[PDB]
Amino acid sequence: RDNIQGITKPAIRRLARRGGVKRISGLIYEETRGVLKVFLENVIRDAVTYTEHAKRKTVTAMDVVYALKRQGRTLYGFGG
Amino acid sequence: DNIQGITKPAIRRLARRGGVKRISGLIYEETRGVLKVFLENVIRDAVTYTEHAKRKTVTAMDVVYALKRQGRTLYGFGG
Amino acid sequence: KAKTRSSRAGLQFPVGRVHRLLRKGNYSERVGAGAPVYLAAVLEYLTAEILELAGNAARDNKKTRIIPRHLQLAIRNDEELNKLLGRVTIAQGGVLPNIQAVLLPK
Amino acid sequence: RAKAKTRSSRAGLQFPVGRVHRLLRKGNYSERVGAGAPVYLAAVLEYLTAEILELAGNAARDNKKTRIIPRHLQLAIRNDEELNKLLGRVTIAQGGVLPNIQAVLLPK
Amino acid sequence: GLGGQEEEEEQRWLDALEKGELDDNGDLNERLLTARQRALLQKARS
Amino acid sequence: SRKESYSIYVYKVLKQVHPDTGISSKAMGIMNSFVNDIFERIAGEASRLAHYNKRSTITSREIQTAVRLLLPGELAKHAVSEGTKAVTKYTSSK
Amino acid sequence: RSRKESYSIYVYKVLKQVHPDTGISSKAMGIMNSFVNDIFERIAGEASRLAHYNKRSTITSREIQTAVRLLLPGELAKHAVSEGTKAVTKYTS
Amino acid sequence: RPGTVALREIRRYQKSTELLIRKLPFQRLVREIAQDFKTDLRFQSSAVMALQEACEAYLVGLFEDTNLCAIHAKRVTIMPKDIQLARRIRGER
Amino acid sequence: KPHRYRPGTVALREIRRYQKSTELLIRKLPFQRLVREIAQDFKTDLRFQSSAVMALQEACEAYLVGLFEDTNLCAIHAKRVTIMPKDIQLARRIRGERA
DNA sequence: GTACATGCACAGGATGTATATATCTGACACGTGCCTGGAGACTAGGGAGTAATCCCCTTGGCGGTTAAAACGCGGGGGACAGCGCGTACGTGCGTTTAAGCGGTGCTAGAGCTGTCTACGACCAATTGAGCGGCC
DNA sequence: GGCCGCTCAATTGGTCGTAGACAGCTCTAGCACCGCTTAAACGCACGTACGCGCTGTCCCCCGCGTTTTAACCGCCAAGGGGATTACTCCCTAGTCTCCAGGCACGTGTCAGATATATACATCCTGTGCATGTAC
């Protein structure tokens, strides 16, 4: 249900602070949750179709990594 | 020097197609660097496919494959 | 007597040519008898849809000869084609007519 | 008649020429792989592996740790103007980010 | 020649620009939609 | 030699979609390059999908997943609908 | 039973050849195993296209030389070409 | 003092490297977003970690480019109107 | 018809005219002559197919349009209607195209 | 008002096809044991909330100079023939890699011993502020 | 009020145990890799012909140098909205745990789907010609 709101204001605040911004206008928080939900929506929609193709109930770390290669946003270390 | 042949009017038009209402005078020069460094990518890749084929002549395929490798695919020429 | 895979499946797209292209492209050492039928149908559907939109854009601009501009209007209006074709470029297609707001006078 | 020597040792490489030939031939990159191909490719993988590890080693040693951790790899890619083009869209697990402040934020 | 009709299209679109009565792109029929586009318009109506 | 290409099928689809309508040789260049690009994209992804499962065969299932990965949105559903209709005709025709 | 078939021993040998005192955490080993395997897929992937775009069957040293010359950026291309030419030179004697 | 503890905080998270999002919120969020692609899926624990690293890296990369947008508009304060620019000219939407 | 005109109006008329039509904006021979300078620095005496040098032009103009169209958006966002080099450098960095 | 570009008619070679042949891949049903989903108990680190206040962004106002738009001038881009250097083919050829079947090297798993850092806790010294003695 | 000598309540110090996590073995065993076959087809060398691309001579509309001028940028000044920061109080995230169940993996076995050898025929690509569309 509510879980998009479960990404805490401080979490997005830290996550932006690593990216090196100094001040956050408070409308960033509710909007950022939308962007992150769109990025997971794309990655999961891809990774679930790899998983369904393999006739398999479990999403493995390889299936999400392959989805990330498929999107041209590659990730190392999680196998492959 | 043939890069100064990319005329100030040509960059006006080529930006006006992109919908900019007003130019600033520094753009007309600085844009030539951007065009030159874009060409200096696709030519070196296209020439690399050409030399690999042992051709002397750069074909339409030699540049279209460079553009496909650059991730900016061009249709209509060749395939 | 023979019947082509294309006309048997009911596609206009060339199932035999797709079969050879999958077999000879080294996408695998083995190609399933269904795979080129299925792929020909998807190439056909995409070609039918991109042409239907282009032909509509051509007739809506009162021309009967489709030219690259009409494909560029079709591709850039419908956002699922615009996502599929994404970053590709059409020779002499130009750009979708779009004066940005705020520049637009008051 | 018998007693082998590995194709890596004949090439003068630490990288596995056999493994690379087996992967090129089974990967369907072509129906045929010429005998010079896996040798040359093994050398290229070794060179890039040497470069990225040497810079990781220096990054770790300058951070006063004797061991590579993903942080010391990420700090070796981003501090090189060449490898940062080669890896321009890779994410390193647990790598963090290159330390940098935009000068307009910097105080007074 | 008949190019006065395309010159009139320019005059109409400039008259609308001097009036300011235009879309956000500045530019000026369900029967013609594909089955996919009908499904997307149905998905927009829901 | 022979310039092997899709041009007559593309034109034959156009005359099925809009019987009155005609098409320039530049647009035929585009349609060839577009079909060849989509084809190399889908077969490319199908080959990776076979490797990820350690299969040899490009079966029709491999194309179905490569299609619903590469095509966006509801266009993916309509393409898969056309493919499953087509294979249904073919396997029903023997 | 299946086998992981990693590059771990080889990248470990290469580190030990350039920083003889230094270690690899298993996490950094994972990153390096991905990097090696990803550059292999990129180079071999481009070598396949360099065959088809010339209608050759094989990939050979000059296809991979061209794949390197395209795929790598500046100095890394001329260094990698120097390494590949050294290796095949030694292998052919 | 204000903004100085923020600027000292940037140095703290750029020297640090661990995950910035709480595991269980992210774990639930991945399952939540999966539900209407498929019911009843099982997630391998390492896959959710990989997805989390991809997201935190993507968001850091977006905020890094969003900072450029706000600073280009002469603001040290980022706003939704900056995110809409960065995600547009990325080509993402 | 008029004299002196109202500035900005002929710019908007130009936008409509150069978006409605698909001709190459760069004159062909200057570009045909430019490409050979970029060639001499990496292979001497190259020969270009009549299509290829024009396919490079179609890619260049599609790239430059596809940069000014984002640059414009940075200027509008930056409370301006005029593009400047400080916009172009930014659009590049946000795209990941250099720096 | 015109004719170049598409669109149709025809030959013919190549490739798509039907059929028979042989087989190995993928599908199926079996078990092993891995490991993920649920649900619980507890601590306490991070989160939500608030009040206080600083300073940032937004706005409105101004002057300066910069780009636009108009203008006349003239140069060079756009469009037609001649040579020869390539690019595509055809052939003949031999070197190269495949396939196949062995023997050994080596690589992965598992397990072990081993440090060895690095982090708490205890054991055993000491140092000092807490105070009375003294006049 | 001011000095100093015992008390006992005070930090700071050094050696032990352990656990994470490589590190280096150290097997040891099973499986890929290498070698040495015989075979056959790719790519190579090398002519030959033809497109095709340089390098060539004519020419108008576009490029561009100069001019005013007006609208936009950049600068500044003022001010109230809003993000920071500083606590405070609570809760749900982290954890480790156990069940206990689901299912990913593996292996034995099969058959059906697919490679491939080859003989026909029908499809579609090169040419040529007819005629209407865009300009």
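Residues numbered from 1 in each chain as written, not as in the entry; some residues may be left out. Chains lettered and ligands numbered in written order. Heavy atoms only, no water. Residues with missing side-chain atoms left out of burial classes, pairs and counts.

Draft legend 1. Representation of the overall build of chain E. Scanning chain E for helices and strands turns up 2 helices and 0 strands. Based on the C-alpha atoms only, the size of chain E along its principal axes is roughly 45 × 30 × 10 Å. Of the accessible surface of chain E, which amounts to about 3900 Å², a share of 43% is contributed by carbon and sulfur atoms. Computed over 7 positive and 12 negative side-chain charges, the separation of the two mean positions in chain E equals 17 Å. (Helix = DSSP H or I, 4+ residues; strand = E, 2+ residues; numbered from the N terminus. Areas by Shrake-Rupley, 256 points an atom, 1.4 Å probe, with all protein chains shown as cover. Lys, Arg positive; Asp, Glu negative; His and termini not counted. Charge placed at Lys NZ, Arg CZ, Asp CG, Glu CD.)

Draft legend 2. Structural context of a positive patch on the surface. A cluster of basic side chains, namely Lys3, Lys5 and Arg10 of chain D together with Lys90 of chain G, defines a positive patch on the protein surface. If you trace the backbone, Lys90 of chain G turns up in helix α4 (residues 75-91). Take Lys90 of chain G: its relative accessible area is 43%, and that puts it in the partly exposed class. (Patch = residues over 30% accessible without salt bridge, like charges linked within 9 Å, V, L, I, M, F, W, Y side chains within 5 Å. Salt bridge = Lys/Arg side-chain N within 4 Å of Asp/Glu carboxyl O. Buried < 20%, exposed > 50% of the residue type's maximum accessible area, 1.4 Å probe, protein only.)

Draft legend 3. Looking closely at helix α1 (residues 9-18) of chain A. Of all the positions in α1 of chain A, only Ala11, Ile12, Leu15, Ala16, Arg17 and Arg18 of chain A are classed as buried. Structurally, α1 of chain A contributes buried residues whose contacts are with β1 (23-24) and α2 (27-53) of chain A together with α1 (4-15) and α3 (45-72) of chain H. Measuring from the side-chain oxygen of the N-cap residue of α1 of chain A to the backbone nitrogen of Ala11 of chain A gives 3.0 Å; that N-cap residue is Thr8 of chain A. Just beyond α1 of chain A, the residue with positive phi is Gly20 of chain A, at close to 80°. (Contact = heavy atoms within 4.5 Å. Polar contact = N/O pair within 3.5 Å; in protein donor to acceptor, adjacent residues only side chain to side chain.)

Draft legend 4. Looking closely at the packing of aromatic side chains. In total, this model carries 16 aromatic pairs over all chains according to the counting rule given. Note on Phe13 of chain C and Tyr9 of chain F: the rings are 6.5 Å apart at their centroids and 45° apart in plane angle, and the pair reads as tilted. You can see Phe13 of chain C sitting in the loop between α1 (5-9) and α2 (15-24) and its partner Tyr9 of chain F sitting in helix α1 (residues 7-17), one on each of two chains. A single burial state applies to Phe13 of chain C and to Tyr9 of chain F, both of which are buried. Grouped by ring-pair contacts, the aromatic residues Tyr50 and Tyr66 of chain A together with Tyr52 of chain F constitute a single cluster. The cationic tip of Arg16 of chain I hangs over the ring face of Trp13 of chain E; the distance from NZ or CZ to the ring centre is 4.0 Å. (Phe/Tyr/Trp six-rings, centres within 6.5 Å; stacked < 30°, edge-to-face > 60°. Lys NZ or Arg CZ within 6 Å of the ring centre and 35° of its normal.)

Draft legend 5. Just the nonpolar core, in detail. Membership of the largest hydrophobic core comes to 181 residues, with the highest contact counts inside it found for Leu40 of chain A, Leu39 of chain B together with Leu24 of chain D. By residue number, the principal contributor to this core is helix α3 (residues 36-62) of chain D, which donates 15 residues. Ignoring anything within four residues of it in the chain, the contact list for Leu24 of chain D reads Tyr29, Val33, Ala37, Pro38 and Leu41 of chain D together with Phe40, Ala44 and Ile59 of chain G. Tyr45 and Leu53 of chain C together with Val35 and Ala79 of chain F belong to the second largest nonpolar core, which has 66 residues in total. (Core = buried A, V, L, I, M, F, W, Y, C linked by side-chain atoms within 4.5 Å.)

Draft legend 6. Structural view of the interface of chain C and chain B. Contact with chain C, which involves 8 residues of that partner, is made by 9 residues of chain B. Taking both sides of the interface into account, the surface hidden between chain C and chain B amounts to around 850 Å²; carbon and sulfur atoms contribute 60%. Looking at the side of chain C facing chain B, the largest losses of area belong to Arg87, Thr89 and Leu103 of chain C, adding up to 47% of the total buried there. Linking chain C with chain B are 0 salt bridges, by the criterion used here. Considering only residue class, the side of chain C that touches chain B consists of 6 nonpolar, 1 polar and 1 charged. (Buried area = accessible area lost by both parts, 1.4 Å probe. Nonpolar A, V, L, I, M, F, W, Y, C, P; charged D, E, K, R; others polar.)

Draft legend 7. Focus on the interface of chain I and chain B. Chain I puts 55 residues into the contact, and the matching count from chain B is 46 residues. By the criterion of area lost to chain B, the three top residues of chain I are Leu25, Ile38 and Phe68 of chain I, representing 12% of everything that side buries. There are 5 salt bridges connecting chain I and chain B. A salt bridge links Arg16 of chain B to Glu14 of chain I, with the shortest nitrogen-to-oxygen separation between them at 2.7 Å.

Draft legend 8. Representation of unusual backbone geometry in the model. Residue and element names in this part refer to chain F. Despite not being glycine, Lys54 shows a phi value in the positive range, around 50°. On the secondary structure map, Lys54 appears in the loop between α2 (25-52) and α3 (60-70). By relative accessible area, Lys54 is classed as exposed at 77%.

Draft legend 9. Structural detail: the pattern of salt bridges. Tallied over the entire structure, the rule returns 46 salt bridges over all chains. The residue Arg61 of chain D makes a salt bridge to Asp62 of chain D at a minimum N-O spacing of 2.8 Å. You can call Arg61 of chain D partly exposed: its relative accessible area is 49%. With relative accessibility at 57%, the residue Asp62 of chain D sits in the exposed group. Between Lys20 of chain I and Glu9 of chain E there is a salt bridge, with its nearest N and O atoms 2.8 Å apart. Highlighted residues: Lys20 of chain I in helix α1 (residues 9-20) and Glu9 of chain E in helix α1 (residues 4-19), drawn from two different chains. Judged by its relative accessible area of 37%, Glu9 of chain E falls in the partly exposed class. Each of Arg73 of chain A together with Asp65, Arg87, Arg90 and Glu92 of chain H takes part in salt bridges that share partners, so that together they form one network.

Spatial relationships are all this shows, so hold off on functional conclusions.
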